[PDB]
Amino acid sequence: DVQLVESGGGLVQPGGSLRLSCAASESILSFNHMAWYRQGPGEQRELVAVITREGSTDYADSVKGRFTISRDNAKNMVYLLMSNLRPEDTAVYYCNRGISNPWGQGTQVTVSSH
């Protein structure tokens, strides 16, 4: 029942960085959690990063130490800052307050030299 929209995807060279954006139609501070997910081609959506209201965070083992999830103190938005991007990070990324909420468009991230 919350509307979501993510952005900030693109084509990046390996070792590169991207900052993804997600906006929600209700106050993100009213949610117990906010999370980023990703789906590779032919894959299922997988949890990537999650943050609680006070700011407690956790990450998938494969992105731990490379990705940071955070919230915007001025706007109603959540971010995924991705560093040292690798080709295997290529996927469509989604934000959500939980998996029972209809999904936004997602933003495609492609990590390629090509």
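Residues carry their position along the shown sequence, with the first being 1.
Higher mean CA temperature factor, per the PDB entry, when comparing 26 to 34 with 54 to 62: 54 to 62. When all modelled residues of the chain are sorted by CA temperature factor, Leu11 is found within the highest third. In the deposited entry, the Cα temperature factor of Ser70 places it in the middle third of its chain's modelled residues. Among all modelled residues in its chain, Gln105 ranks in the highest third by Cα B-factor.
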